[PDB]
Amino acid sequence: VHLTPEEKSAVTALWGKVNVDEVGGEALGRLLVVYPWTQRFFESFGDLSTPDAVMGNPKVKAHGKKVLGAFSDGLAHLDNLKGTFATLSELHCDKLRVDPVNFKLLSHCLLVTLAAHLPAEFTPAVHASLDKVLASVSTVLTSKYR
C-alpha cells in the first residue's frame, strides 16, 4: 500500500458512503456462493445450500458486518496494518488454517460488491487504490505462514 494524499482522500470519500451492514454480508455471501469450497469454513453457520440459503443466513450477514468493521479499522491506520491485524493473523492462520488465496477471493468479492453499490464512485483509480490496501491487509493476515 503506497497511497498518495489524493488516493487516501478518494478511498476515504468512497468508504464514507458505504453501508457496512449491507455491503459486508453481500461480500461474504458472494464468496460462499461463487467460490463454493469456502463453505467448509462456515458450516457451523447452517444451511448454505443455495444462493437463497446463503444470502438469507443471518450468521453470514452478521459475520460479514464483523469483517468490514475490521477492514474500516484497517483503513483508519494504514501506517500500522501489522499492529492492527496481528491477532487476526493468528486466528486465521494458526487456528483456522485459512488458505492465503481465499483472502484474495474475499478481496475480489468485496470490490464487485462496492462496484454494484457505489457505481459512480467506484472509478478505475479508486478500484486501483482499494485493490492495494486490500492486498496489504491480506499480506498481514497470512503472515503466520512465512
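One rule holds for the numbers: they count along the sequence shown, beginning at 1.
- Could you check which stretch, 47-55 or 113-121, carries the larger mean CA temperature factor in the entry? Going by the record's values, the stretch with the higher mean is 47-55.
- Item | Between the two ranges 122-130 and 17-25, the one averaging a larger CA B factor in the entry | Between 17-25 and 122-130, it is 17-25.
- Query: Which listed residue, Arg30, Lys95, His108, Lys66, has the largest C-alpha temperature factor in the record?
  - Reply: Answer for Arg30, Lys95, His108, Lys66: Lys95, with the highest C-alpha B-factor.
- Message: Quick check for you: using the entry's CA B-factors within this chain, is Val101 in the lowest, middle or highest third?
- Response: As the PDB entry reports it, the C-alpha B-factor of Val101 lands in the lowest third of its chain.
- Task: Consider only the C-alpha atoms of the modelled residues in this chain, order them by B-factor as the entry records it, and name the third containing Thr38: lowest, middle or highest.
- Result: Bottom third by C-alpha B-factor.
- Task: Report the third (lowest, middle or highest) to which the CA temperature factor of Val11 belongs, ranking only the modelled residues of the same chain.
- Result: Tercile = middle for this residue's CA B-factor.
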